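Shown here is one chain on its own, the form deposited in one PDB entry, set out as structure tokens.
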């Protein structure tokens, strides 16, 4: 598949890239979503962070990581002494994939297929080309697999500094737990997992 490639313009300007993502039809996810959600921040960023996809909040705000997972993430960044205004924050897939359940308090996100990730990956390539980050934080399974391969296991490479040639700039790559995984479950387990997120964020910051 060609995917998003036909829709990515020959430019490194983020505002231009964001606009053209708004017209992307490189998989079927544009149809039900409200709008594309491009990355936030600037091309001076040293650290890029990539999540899975916009959720419910993000689909309507037009910005990444503005819901509960994003508030958790801010708490982690803060403890790692990282200013979020200095990052470029984005997602592997740029349109919200979702459903609704009866009695639901919100739209429930559905995991992008590997095919959708590969379809949308040209946007990530363009973002990386535009920003030239020194390090990329891969937030959770989908984002990590997008760069590291569909077989990659986030849980097994926590806190490791990774590199593949496959990527623009040969930044270091640090794969970590998705902040939404820390929202729920037993208290000791959340707190432990949170401490590891802070650690992995510091690994990325010290590259």
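Numbering follows the first chain given and starts at 1. Take the two forms, find the largest set of C-alpha atoms that superpose within 1.5 Å, and that set is the rigid core. Only residues modelled in both forms are compared.
Beyond what is shown, the protein has a form deposited in another entry; the following relates to that form.
- The Cα shift for residue 188 between this form and the one not shown, taken after rigid core superposition, is 2 angstroms or larger.
- Residue 110 shows a C-alpha shift below 2 Å between this form and the one not shown [criterion: core-superposed Cα displacement of 2 Å].
- Three angstroms is the minimum change: in that other deposited form, the CA atoms of residue 179 and residue 104 sit farther apart than in this structure, by 3 Å or more.
- The Cα-Cα distance between residue 177 and residue 104 is lengthened by 3 Å or more in that other deposited form relative to the form shown here.
- Displacement of the C-alpha atoms by 2 Å or more across three or more consecutive residues between this form and the one not shown, following core superposition, is confined to the runs 100-106, 184-188.
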